[PDB]
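Okay, structure first, notes after.
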Amino acid sequence: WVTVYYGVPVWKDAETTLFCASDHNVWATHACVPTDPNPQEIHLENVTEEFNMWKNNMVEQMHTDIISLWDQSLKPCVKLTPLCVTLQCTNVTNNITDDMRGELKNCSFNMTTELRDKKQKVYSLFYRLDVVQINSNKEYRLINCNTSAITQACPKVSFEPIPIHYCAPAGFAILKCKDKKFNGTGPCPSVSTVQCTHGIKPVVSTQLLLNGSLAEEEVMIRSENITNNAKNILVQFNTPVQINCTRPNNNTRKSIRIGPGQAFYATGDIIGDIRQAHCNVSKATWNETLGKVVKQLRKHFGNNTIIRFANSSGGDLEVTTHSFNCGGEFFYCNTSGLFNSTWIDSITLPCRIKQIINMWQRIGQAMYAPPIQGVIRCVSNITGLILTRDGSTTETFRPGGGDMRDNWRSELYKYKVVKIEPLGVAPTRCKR
Amino acid sequence: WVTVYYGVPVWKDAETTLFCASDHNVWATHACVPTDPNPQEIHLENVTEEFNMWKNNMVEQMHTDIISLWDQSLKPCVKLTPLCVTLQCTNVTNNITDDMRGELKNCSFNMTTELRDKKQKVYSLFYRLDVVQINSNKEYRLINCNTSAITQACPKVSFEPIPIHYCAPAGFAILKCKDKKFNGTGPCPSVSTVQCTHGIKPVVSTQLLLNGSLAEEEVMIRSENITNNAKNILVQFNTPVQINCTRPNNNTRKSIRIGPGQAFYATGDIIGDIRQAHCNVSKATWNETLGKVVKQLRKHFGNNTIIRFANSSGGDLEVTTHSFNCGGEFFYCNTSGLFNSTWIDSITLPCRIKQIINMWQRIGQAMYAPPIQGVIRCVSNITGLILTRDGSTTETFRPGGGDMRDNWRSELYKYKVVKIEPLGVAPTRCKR
Amino acid sequence: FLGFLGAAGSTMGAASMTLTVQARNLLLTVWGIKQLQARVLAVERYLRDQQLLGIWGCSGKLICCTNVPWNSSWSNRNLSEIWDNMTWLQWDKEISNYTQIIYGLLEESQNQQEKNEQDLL
Amino acid sequence: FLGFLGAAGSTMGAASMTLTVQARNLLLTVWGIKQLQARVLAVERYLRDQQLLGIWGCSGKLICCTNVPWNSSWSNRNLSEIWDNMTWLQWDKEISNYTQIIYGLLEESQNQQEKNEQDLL
Amino acid sequence: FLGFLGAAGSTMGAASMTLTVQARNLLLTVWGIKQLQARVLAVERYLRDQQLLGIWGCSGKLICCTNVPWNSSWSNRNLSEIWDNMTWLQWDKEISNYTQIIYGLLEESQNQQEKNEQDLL
Ligand SMILES: *[C@@H]1O[C@H](CO)[C@@H](O[C@@H]2O[C@H](CO)[C@@H](O)[C@H](O)[C@H]2NC(C)=O)[C@H](O)[C@H]1NC(C)=O
Ligand SMILES: *[C@@H]1O[C@H](CO)[C@@H](O[C@@H]2O[C@H](CO)[C@@H](O)[C@H](O)[C@H]2NC(C)=O)[C@H](O)[C@H]1NC(C)=O
Ligand SMILES: *[C@@H]1O[C@H](CO)[C@@H](O[C@@H]2O[C@H](CO)[C@@H](O)[C@H](O)[C@H]2NC(C)=O)[C@H](O)[C@H]1NC(C)=O
Ligand SMILES: *[C@@H]1O[C@H](CO)[C@@H](O[C@@H]2O[C@H](CO)[C@@H](O)[C@H](O)[C@H]2NC(C)=O)[C@H](O)[C@H]1NC(C)=O
Ligand SMILES: *[C@@H]1O[C@H](CO)[C@@H](O[C@@H]2O[C@H](CO)[C@@H](O)[C@H](O)[C@H]2NC(C)=O)[C@H](O)[C@H]1NC(C)=O
Ligand SMILES: *[C@@H]1O[C@H](CO)[C@@H](O[C@@H]2O[C@H](CO)[C@@H](O)[C@H](O)[C@H]2NC(C)=O)[C@H](O)[C@H]1NC(C)=O
Ligand SMILES: *[C@@H]1O[C@H](CO)[C@@H](O)[C@H](O)[C@H]1NC(C)=O
Ligand SMILES: *[C@@H]1O[C@H](CO)[C@@H](O)[C@H](O)[C@H]1NC(C)=O
Ligand SMILES: *[C@@H]1O[C@H](CO)[C@@H](O)[C@H](O)[C@H]1NC(C)=O
Ligand SMILES: *[C@@H]1O[C@H](CO)[C@@H](O)[C@H](O)[C@H]1NC(C)=O
Ligand SMILES: *[C@@H]1O[C@H](CO)[C@@H](O)[C@H](O)[C@H]1NC(C)=O
Ligand SMILES: *[C@@H]1O[C@H](CO)[C@@H](O)[C@H](O)[C@H]1NC(C)=O
Ligand SMILES: *[C@@H]1O[C@H](CO)[C@@H](O)[C@H](O)[C@H]1NC(C)=O
Ligand SMILES: *[C@@H]1O[C@H](CO)[C@@H](O)[C@H](O)[C@H]1NC(C)=O
Ligand SMILES: *[C@@H]1O[C@H](CO)[C@@H](O)[C@H](O)[C@H]1NC(C)=O
Ligand SMILES: *[C@@H]1O[C@H](CO)[C@@H](O)[C@H](O)[C@H]1NC(C)=O
Ligand SMILES: *[C@@H]1O[C@H](CO)[C@@H](O)[C@H](O)[C@H]1NC(C)=O
Ligand SMILES: *[C@@H]1O[C@H](CO)[C@@H](O)[C@H](O)[C@H]1NC(C)=O
Ligand SMILES: *[C@@H]1O[C@H](CO)[C@@H](O)[C@H](O)[C@H]1NC(C)=O
Ligand SMILES: *[C@@H]1O[C@H](CO)[C@@H](O)[C@H](O)[C@H]1NC(C)=O
Ligand SMILES: *[C@@H]1O[C@H](CO)[C@@H](O)[C@H](O)[C@H]1NC(C)=O
Ligand SMILES: *[C@@H]1O[C@H](CO)[C@@H](O)[C@H](O)[C@H]1NC(C)=O
Ligand SMILES: *[C@@H]1O[C@H](CO)[C@@H](O)[C@H](O)[C@H]1NC(C)=O
Ligand SMILES: *[C@@H]1O[C@H](CO)[C@@H](O)[C@H](O)[C@H]1NC(C)=O
Ligand SMILES: *[C@@H]1O[C@H](CO)[C@@H](O)[C@H](O)[C@H]1NC(C)=O
Ligand SMILES: *[C@@H]1O[C@H](CO)[C@@H](O)[C@H](O)[C@H]1NC(C)=O
Ligand SMILES: *[C@@H]1O[C@H](CO)[C@@H](O)[C@H](O)[C@H]1NC(C)=O
Ligand SMILES: *[C@@H]1O[C@H](CO)[C@@H](O)[C@H](O)[C@H]1NC(C)=O
Ligand SMILES: *[C@@H]1O[C@H](CO)[C@@H](O)[C@H](O)[C@H]1NC(C)=O
Ligand SMILES: *[C@@H]1O[C@H](CO)[C@@H](O)[C@H](O)[C@H]1NC(C)=O
Ligand SMILES: *[C@@H]1O[C@H](CO)[C@@H](O)[C@H](O)[C@H]1NC(C)=O
Ligand SMILES: *[C@@H]1O[C@H](CO)[C@@H](O)[C@H](O)[C@H]1NC(C)=O
Ligand SMILES: *[C@@H]1O[C@H](CO)[C@@H](O)[C@H](O)[C@H]1NC(C)=O
Ligand SMILES: *[C@@H]1O[C@H](CO)[C@@H](O)[C@H](O)[C@H]1NC(C)=O
Ligand SMILES: *[C@@H]1O[C@H](CO)[C@@H](O)[C@H](O)[C@H]1NC(C)=O
Ligand SMILES: *[C@@H]1O[C@H](CO)[C@@H](O)[C@H](O)[C@H]1NC(C)=O
Ligand SMILES: *[C@@H]1O[C@H](CO)[C@@H](O)[C@H](O)[C@H]1NC(C)=O
Ligand SMILES: *[C@@H]1O[C@H](CO)[C@@H](O)[C@H](O)[C@H]1NC(C)=O
Ligand SMILES: *[C@@H]1O[C@H](CO)[C@@H](O)[C@H](O)[C@H]1NC(C)=O
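Here it is as structure tokens:
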């Protein structure tokens, strides 16, 4: 009666190592498998499968893979140890608008030349956020000098978030939930098997989620525990909100040789006048979008509840502002103009710019972002929010972020990895 | 007549790569397989197997694996190149006992600060063994300056000799000799198959073997060739001898920043008075133990022979003394008080301490051991000896060591690696 | 028709006609190591299943009819429910606790068969 | 009863009932490479033995009765001594020098058998 | 006689007596990775061919006579030309475009055979 079958369509939850595939990058370059131009997807009829986006180890793998790629891409670049010197700084005062008063420092210093016998007197411009006043009222040091070594990113490697596809190894499969209005947990019908994930762009940001995927029909609210104020709420929009950012300053770049084969890229004089970096969000669009978000929050908090939006709480710049990398430069924008309302042209968000960047939440590994010549203009899609609930007739929501896993969890929520188990036995009516 | 069988219990001697398994370490950390909580051992009835501890390649593998792990654990730590400077030294003379007179040097020097434009005048204490007088009678340099670069061990990685289990890869097996009174060579009955070795602690020492396994019944003498005076004799005790070591000086530690993100850990002032480090061995226990050792040596040298013990011959400190690492500091103790007898409270062994350590027998890779704050106390088991025979009616035995393979050979003597050969043929009485 | 796992929601007797579909899908130094480990594992898992079929006397087959009886205590159901209503995922859950018993019985009956066949030659 | 190699000191006919016991036991970048090499080798060794059984016509079996006669010059002993007194370790030493001859004969008789079976179809 | 590929210029029926000759030849961290990749690939390629023979019902054989008819459109030649004049390299070119058709037919006839054999038991 026992009959053995091999090739049985059975699987179990499993954790494995997925590989990257893709169609001068920081991330996926040549250490990545070329994609299949005609990838497959198979609908599974009558299959109900339980998904849990909050326990999805694909998120942990992506987090680890992008950090490791980031570091490998800085390892061979120029060390800026020679730059951690006493700086003599004054204010940049030439044609400065009020918003930029005190933002730029004109600093001179004694730098190493190619020969070990000689030094050179050089100068460069720094942002106020890059330096620390010491002592002699003009003496400054770079901010990272008492904490860490700093390296210069190689100005040939772009930070463009080129999409990565994750693919399963043989013996494993990735299941995709196609059930619209899937909130991240529990069972869903309409499951399909895919060879690989769609391309996911490793966009790094806080508060606002940029350039991601959109909800198919309705704005969705997803959380690990909606009643736990210690958990974040991810909000996925069903329409994009366009945001236009810029650094309206025609910068120049100069190369300072600091050794036999090494150079420091310094910000030189700025052409034209000095203006503040900023981002524009269409006001009507933002209001309509916020409209939809509240309508959905009411489903969990009550339709007679007062839902208020407020700006961020205190913390470091990387937490309280909207951080993003665009055009090759790192912007920190003030979002208090977006989250200032009860219930529910353009809105201008002022921004600050930094050159010394501490990625993720690490201490000890700083990088210097070389300046970009000319003027930067960026156009991107806001596709979602990270909100934290501040908490008896009202609830206040504030922008959150800083934990990058939340930005990938929002794209990988539809995927699950399973292991195929091809043997099975069953009673039949035959005998060897 | 020929019948083919597969899965036949046959094996041959073989050499393979074994993997480590284990239940902030220098050695086995995360690059190690978790152990099986219920490991197997199978007694093989009627199997006689020839073992040879002196040709056991498991020893060579362990030696290589621990050295490589050691180096990987220092590679990312702070380089102390800035410390190889001229030192201005005087004597530490405050409340010093006679035994410590001239042992500590109070040295000042010009050290690098975080900024490249500035130097700082700092001081630290060094042991006399760490420095060389040059030229100006107060001028000194560190001992390694004309030989090698020196790095500082990261003071977060402990040197605790956490046990490692060696396990065979599939297709191989480890055979264990359980024959009590096995002297390391020749055949033995009572052989069992094990998945892995017992845990072996990678304890590093000279002369005395610490914290190892004990003989089951009698003290055993093992040698490659007992009549060859060029070979060492390993002695395994059937009882431990307890040894208590200490550094009775309440040391303090200070951190000197030497660059952007780097620091040197210096010995600061010492609290209380200054005393010599030492080890205590119970005298009666030592005498009883030595009793048993001689009784067994007589089996090879004659029961009418005079067996004398003597202290070590000259050589470097690492050879002539009992070297060990305990509490995080490296001790060099004088064992002439243990090996001073013809035939056969406490015995106090004075010790010296070093900060600059050259491991194994290498030149070119030195390390600086950061100081440990407070007072160090260690309790350990002497489980054996390494003796060398000095050689017509008498024989003299002296302490030996310096070749680390002898300290692992003493734990791995029971294990052999074999390769499984599952095919075989034999005459049967059948025809296809 | 259906591709890989397309029969997963089908009944056991509708499935089991697609066995070759699933069988064929089983086949910077740090990235190199991670991928070699994934590939080596896929091979090792494949071979363990093949070895197991071999010792049960089912080498080279996708459907192997054995000489072990079915204990009603493992699953007291008729062929109609098992092959026409249930899916393989449901079945796998139902008899998960008896898998090792069944495997032990399959190995033992093969050892006896293999020896009887030697004595007859 | 006995586990892996527990039958090593048993006679050849007492052993050879444990063939599945042994068959199933055959299955920082530097450490990663050392372990991948160990795993890759285990697979390669396994497959060479399986390939060899295949070309001899013994695929899928632990005991395979062949059509090659036993030359008395390889070992002039009766079944009673070989199966009741000797162990497999002793036997392996006794006929080590004839292993390659026997293997060549097994391959050749299979080639002839395989062709005769084609002509009959 | 001939070693590896020595029969490559021989006719198809002169060759195909040397099948075991070819079958047996199929078996600083950067250098370690390059070699592991080469070894892992050799294993994966070997196993894909063995899996394929298995699903066609030819496991363990070098010559496997199947139950699929030969379409004259694949190659309209007599046995005399194919086995006595042509070499295997020439043949492989001649029917390259029909390989996938033939493979699909072999898989399907085995699925039917395997099921018929279950119903008869
Ligand atoms: C930053 O300071 C430097 C001097 O350290 C300024 O450069 C000088 O500008 C004057 C203007 O008359 C020139 O005559 C000097 O020759 C310049 N010096 C050098 C070394 O080129 C520089 O313009 C200041 N930059 C800003 C933005 O204020
Ligand atoms: C973001 O922008 C808002 C206004 O555009 C800043 O808000 C001001 O903060 C100071 C701090 O005490 C208040 O006294 C002002 O009244 C605030 N203005 C308004 C209109 O409320 C806010 O500080 C900026 N945040 C950051 C991080 O720069
Ligand atoms: C912002 O979102 C819109 C809508 O998803 C993107 O526009 C679509 O891009 C796809 C890409 O092939 C086109 O096929 C659609 O027709 C586009 N829609 C429209 C209305 O043009 C848009 O590109 C996103 N913006 C960014 C910067 O990614
Ligand atoms: C080592 O030498 C230093 C000086 O180089 C001693 O430190 C000084 O001790 C005197 C005692 O009156 C203090 O007044 C000084 O301020 C100390 N100098 C510094 C820089 O702190 C130090 O005590 C000596 N240490 C030992 C153990 O003798
Ligand atoms: C170890 O300790 C012993 C004594 O505790 C030291 O022995 C002395 O060595 C000098 C060297 O010439 C002799 O003159 C003394 O007579 C020795 N004393 C005794 C009691 O014999 C020995 O030198 C120390 N060894 C080391 C390496 O420090
Ligand atoms: C010194 O050796 C003794 C004897 O082997 C060790 O004490 C034994 O430790 C085991 C560990 O579980 C206990 O089960 C025994 O009961 C202990 N024996 C006694 C008499 O207590 C002792 O721990 C060793 N010392 C060190 C420092 O390792
Ligand atoms: C401001 O811009 C005008 C434009 O030509 C320039 O002439 C003037 O010198 C600038 N001001 C300063 C302080 O450089
Ligand atoms: C630079 O501008 C800031 C703006 O508040 C002012 O406080 C500071 O004193 C200025 N420094 C100099 C050197 O003028
Ligand atoms: C550069 O070094 C000289 C040396 O005396 C010093 O006077 C000068 O102030 C230094 N320059 C700067 C910008 O620190
Ligand atoms: C998501 O849907 C499941 C379905 O049971 C529900 O239990 C869960 O609470 C929902 N999540 C939220 C945030 O409400
Ligand atoms: C969700 O959060 C509330 C907040 O107290 C907690 O009581 C509840 O147990 C949480 N839900 C789960 C499933 O843990
Ligand atoms: C962004 O730039 C585009 C360019 O055409 C413009 O149409 C759009 O309205 C801008 N968005 C905002 C918010 O200004
Ligand atoms: C946003 O929507 C609310 C709905 O009441 C409306 O009152 C408010 O004026 C809107 N704001 C804008 C900028 O249109
Ligand atoms: C919210 O709207 C739903 C829609 O049916 C309704 O059932 C529910 O009672 C409403 N809650 C309140 C507080 O009015
Ligand atoms: C949020 O708005 C309040 C208004 O007083 C302001 O004080 C606070 O600093 C703002 N938060 C941030 C991060 O700017
Ligand atoms: C928030 O809304 C009030 C309404 O009058 C406005 O005055 C205030 O400036 C707004 N805050 C921000 C940061 O725009
Ligand atoms: C920046 O200045 C350079 C000077 O030649 C000019 O050619 C360039 O067009 C300017 N860029 C912008 C964006 O105005
Ligand atoms: C330090 O003590 C030793 C002890 O012999 C003595 O020779 C030396 O001269 C002393 N040095 C000083 C500076 O007193
Ligand atoms: C430190 O450098 C100064 C520079 O003149 C020198 O005089 C002093 O002696 C140096 N200090 C030491 C301890 O060598
Ligand atoms: C160990 O025992 C063997 C058994 O023959 C003997 O030959 C050998 O000499 C012994 N070793 C020593 C050191 O005596
Ligand atoms: C053991 O050492 C003696 C010392 O001369 C030597 O003659 C003898 O040959 C050695 N034994 C072996 C087996 O080499
Ligand atoms: C070591 O310390 C223990 C602590 O109880 C003590 O009993 C023992 O006698 C000491 N050993 C020696 C040799 O002093
Ligand atoms: C050690 O044992 C010998 C045996 O003769 C004895 O004479 C000697 O006094 C003993 N020493 C101690 C310290 O007990
Ligand atoms: C040593 O003791 C053994 C014990 O039997 C004895 O046979 C041997 O002759 C003794 N040797 C001497 C030198 O007395
Ligand atoms: C051994 O003791 C003698 C006694 O004179 C001493 O000279 C010799 O240096 C000692 N050996 C060591 C290493 O101390
Ligand atoms: C060795 O023993 C003699 C016996 O009197 C003693 O005087 C001498 O000090 C001892 N040597 C050591 C190093 O303890
Ligand atoms: C060392 O000195 C510190 C100073 O506060 C004291 O607290 C500590 O207990 C001392 N340690 C010892 C072992 O006496
Ligand atoms: C899914 O269930 C329906 C219910 O009758 C069935 O007809 C259909 O064929 C099932 N899907 C598959 C793949 O068989
Ligand atoms: C069926 O299983 C039961 C235990 O579940 C066992 O006692 C019984 O003997 C088994 N029947 C057969 C025929 O083996
Ligand atoms: C099982 O399948 C048959 C097929 O006709 C159907 O009639 C029967 O109701 C099914 N039973 C269950 C429990 O689904
Ligand atoms: C399998 O074991 C679990 C353990 O709790 C039990 O609940 C389950 O019912 C068992 N399955 C069967 C079919 O008995
Ligand atoms: C070991 O030899 C004895 C001798 O008769 C035998 O009885 C025993 O069974 C043998 N061991 C095994 C595993 O057969
Ligand atoms: C048996 O082997 C001998 C050589 O050892 C050989 O000459 C003889 O022909 C062989 N017998 C058979 C039947 O092949
Ligand atoms: C072989 O085994 C038989 C079993 O009874 C035994 O009688 C015979 O003496 C054994 N012969 C040898 C040489 O061991
Ligand atoms: C196998 O060859 C060796 C080579 O010296 C020989 O001694 C041995 O006797 C041979 N074995 C047989 C069974 O003839
Ligand atoms: C090569 O061609 C000639 C032509 O007759 C043939 O005789 C020879 O045997 C061929 N080579 C092989 C290996 O058959
Ligand atoms: C032979 O192949 C042709 C197409 O090349 C096809 O139409 C025909 O049906 C095939 N014959 C058979 C018997 O399948
Ligand atoms: C095919 O082989 C036969 C063998 O005799 C030969 O006569 C014939 O000419 C060959 N034909 C071709 C086309 O080579
Ligand atoms: C195979 O396809 C190619 C494509 O151009 C064609 O030229 C060739 O003739 C085809 N082969 C056969 C045997 O038809």
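Protein chains in written order, with the authors' numbering: chain A, 35 to 57, 66 to 141, 150 to 185, 187 to 309, 312 to 323, 323A, 324 to 396, 412 to 458, 463 to 503; chain A', 35 to 57, 66 to 141, 150 to 185, 187 to 309, 312 to 323, 323A, 324 to 396, 412 to 458, 463 to 503; chain B, 519 to 545, 568 to 661; chain B', 519 to 545, 568 to 661; chain B'', 519 to 545, 568 to 661. A prime marks a further copy of an entry chain. The C-beta atom is built at its ideal place from N, Cα and C for all residues, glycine as well.
Answer with yes or no whether the minimum CB distance from residue i to chain B' is below 8 angstroms.
i, result
"B'':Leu602", "yes"
Following the continuous beta strand (DSSP E) through residue i, name the residue where it begins and the one where it ends.
i, result
"A':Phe376", "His374 to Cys378"
"A':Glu190", "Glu190 to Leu193"
"A:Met161", "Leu154 to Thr162"
Output the boundary residues of the alpha helix (DSSP H) element that contains residue i.
i, result
"A':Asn295", "Counting along the chain, A':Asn295 falls outside any alpha helix (DSSP H), though it belongs to the beta strand (DSSP E) covering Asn283 to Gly312."
Using the Cβ count rule (16 or more neighbours within 10 Å means buried), how would you classify residue i?
i, result
"B':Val583", "buried"
"A':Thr123", "exposed"
I'd like to know whether the C-beta of residue i is nearer than 8 angstroms to at least one C-beta of chain A'.
i, result
"B:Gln540", "no"
Rounded to whole angstroms, what's the CA-CA distance from residue i to residue j? Just pull it up for me.
i, j, result
"B'':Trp614", "B':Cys598", "34 angstroms"
"A:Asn197", "A':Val120", "15 angstroms"
Kindly say whether residue i, judged by its beta-carbon, lies nearer than 8 angstroms to any beta-carbon of chain A.
i, result
"B:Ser534", "yes"
State yes or no: is the beta carbon of residue i nearer than 8 angstroms to at least one beta carbon in chain B?
i, result
"A':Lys117", "no"
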